[PDB]
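> could you work out the structure for the sequence below:
(2 chains)
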Amino acid sequence: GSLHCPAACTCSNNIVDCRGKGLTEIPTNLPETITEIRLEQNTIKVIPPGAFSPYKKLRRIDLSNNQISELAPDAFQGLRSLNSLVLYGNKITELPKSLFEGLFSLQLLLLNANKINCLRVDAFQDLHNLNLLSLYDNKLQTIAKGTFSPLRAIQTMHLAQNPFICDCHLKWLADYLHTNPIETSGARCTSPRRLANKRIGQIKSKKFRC
Amino acid sequence: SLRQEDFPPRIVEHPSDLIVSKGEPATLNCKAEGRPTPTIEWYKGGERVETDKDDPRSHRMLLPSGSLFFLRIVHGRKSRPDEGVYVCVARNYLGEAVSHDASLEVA
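Numbers count the residues shown, from 1 in each chain, chains lettered A, B, ... in the order given. Below, you will see the structure:
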């Protein structure tokens, strides 16, 4: 074969480690057999169309602590073995339609420490094996009813450090969190005044009103 | 064809030094090979680190990869449970492997 390991990285037993190398883009032409790609602590701004799609044996993608402000909707298209996706410590404001489509194997999804201001009701449509979801420290004021319905295997969720508006549209979440005590970071209402600084889990569902 | 026999643990990824700020997330990694799959324990200054897997009440999780995940670094004027020097230890019935040190420092 020809060489498929970027000089900035090390490639050991199909683990490609590119951490802390001042990279601004994902290296292209990686080994087709790659199971883990480690890009944390670089300066990547954009995840381009079909970025990871060629790498069918990928189990772990780590892009934490980059400067990511945009991801292409098909960045993870056609990955059926992906187990863990870590995206924390970036500048992500929205997740395009279909971003996590087909990630049936996904077990860990770290989206904490971004600027996510909205989630689509279909955001986790295919994530039936997801065990841990971290949305901690984002800009969510609400989560639409039904967003967690696909999450059949969920064990742990972090929702805190989001400016939640605890009105009638978040009532379902109070219900959800009372029936499923899996939110461990202390999700709190920012408004209305009556509920300010109160854990969503501590508030009776009736108090969520428009 | 190519059989995998049981073998004792070997650290293939050591935790690496990390600088982080109060309130920010942090991960120290620890990848061990071995069969049966090694179990991972973390030590800070030689003292065993409590995680969700020892207490479900926690900002620290031990992930299935062996990584120690801090959802947010705690660093107050007079309370600093996270900063320190960490080692991971991987064990199975055939032996153990101890990682290099890794410093977790708060800027």
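> around chain A, which positions in chain B sit nearby?
On the criterion C-beta under 8 Å from any C-beta of the partner chain, chain A has as its neighbours in chain B the residues B:12-13, B:16, B:23-25, B:27, B:31, B:52, B:56-59, B:61, B:63-65, B:69, B:71-72. The C-beta positions use only the backbone N, C-alpha and C, and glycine is treated the same way.
> what residues does chain A put near chain B?
Proximity of chain A to chain B is assessed by C-beta under 8 Å from any C-beta, with A:12-13, A:15, A:17, A:19, A:40, A:60, A:64, A:84, A:86, A:88-89, A:107-108, A:110, A:112-113, A:132, A:134, A:136-137, A:156, A:158, A:161, A:184-185 identified as the residues in range.
> from these, list the buried ones, please.
Neighbour counting over the residues of chain A next to chain B (16 or more other C-beta atoms under 10 Å in any protein chain shown) leaves A:15, A:17, A:19, A:40, A:60, A:64, A:84, A:86, A:88-89, A:107-108, A:110, A:112-113, A:132, A:134, A:136-137, A:156, A:158, A:161, A:184-185 as the buried ones.
> can you tell me which of these are in strands?
Secondary structure assignment by DSSP state E places A:15, A:17, A:60, A:84, A:86, A:108, A:110, A:132, A:134, A:156, A:158 of these in strands.
> wait, the second one touches residue A:6, no?
No. Taking C-beta atoms under 8 Å as the definition, residue A:17 is not a contact partner of residue A:6, at 10.3 Å.
> what about the helices in the chain?
No chain in the question, so chain A it is. Ranges of helices within chain A are A:171-179, based on DSSP state H.
> quick one: distance of the lengthiest strand in chain B to the chain centre.
The longest strand of chain B (DSSP E) is strand B:84-92. When C-alpha coordinates are averaged (C-alpha atoms, centre = their mean, to the nearest Å), strand B:84-92 and its chain have centres 6 Å apart.
> quick one: contacts of it?
Strand B:84-92 is touched from outside by B:6, B:8-11, B:15, B:28, B:30, B:32, B:34-46, B:49, B:66, B:68, B:96-104, with contacts defined as C-beta atoms under 8 Å, 6 or more residues apart in numbering or on different chains.
> hmm, residue B:35 is touching residue B:5, no?
Yes. Counting by C-beta under 8 Å, residue B:35 does reach residue B:5; the two are 7.4 Å apart.
> more neighbours: these two, which one.
More neighbours surround residue B:35 than the other of residue B:35 and residue B:5, with 13 against 5 (other C-beta atoms under 10 Å in any protein chain shown).
> what residue lies at the spatial centre of chain A?
residue A:111 (3.4 Å; C-alpha atoms, centre = their mean).
> which residues does it contact?
A:87-88, A:92, A:95, A:133-135, A:138.
> please repeat the previous calculation with a cut-off of 10 Å.
Under the criterion of C-beta atoms under 10 Å, 6 or more residues apart in numbering or on different chains, the neighbours of residue A:111 are A:85-88, A:90, A:92, A:95, A:119, A:123, A:133-138, A:158.
> likewise for residue B:50?
Residue B:50 is in contact with B:42, B:44, B:57-58, B:60, B:62, B:81, counting by C-beta under 10 Å, 6+ apart.
> quick check: the residue of chain B nearest chain A.
The minimum distance from chain B to chain A, using C-beta to the nearest C-beta, falls at residue B:25 (5.1 Å).
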